[PDB]
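Before any questions on binding or motion, here is one chain by itself as structure tokens, the form deposited in one PDB entry.
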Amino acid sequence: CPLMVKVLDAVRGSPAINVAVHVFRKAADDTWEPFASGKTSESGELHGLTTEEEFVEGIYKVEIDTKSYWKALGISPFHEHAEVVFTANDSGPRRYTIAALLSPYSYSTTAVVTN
């Protein structure tokens, strides 16, 4: 998959399961166009968001619904979401893994980019 998202829970030491993820692409008019969406699996992974064909060059935003995740576990967290904004495919097709590590008042995000 050219775009994969992995989410971990730093309180439980577990994959973050059933986390909603929305991907947008910046349009020529500077608005955010919906691009793809999905939910993390039992492994905390979300595959199959897009295809080589559809994932063209652009500025992408990956919005991870961390507040819905924490509220479903009965926790009141700080952030509304984790937002990951990046230019993709500027020098040709690449494969992107966007990882997020979640705590109720903190998160980390890392990109692994492969050719």
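When you see a residue number, it is the position in the sequence shown, counting from 1. In this text, the rigid core denotes the largest set of C-alpha atoms whose superposition between the two forms falls within 1.5 Å. Residues that one form lacks are left out of the comparison.
Not pictured, yet referred to below: the form deposited in another entry.
- Shift analysis on the rigid core between this form and the one not shown singles out 68 from 37, 68, 41, 89 (C-alpha displacement of 2 Å or more).
- The two forms, fitted on the rigid core, differ between this form and the one not shown by less than 2 Å at the CA of residue 26.
- Relative to the superposed core, residue 52 undergoes a Cα shift smaller than 2 Å between this form and the one not shown.
- A decrease of at least 3 Å in the separation of the C-alpha atoms of residue 80 and residue 14 is found in the other entry, compared with the displayed form.
- Comparing the conformations between this form and the one not shown, with the rigid core held fixed, yields only the displaced run 66 to 80, spanning 3+ consecutive residues whose C-alpha shift is 2 Å or more.
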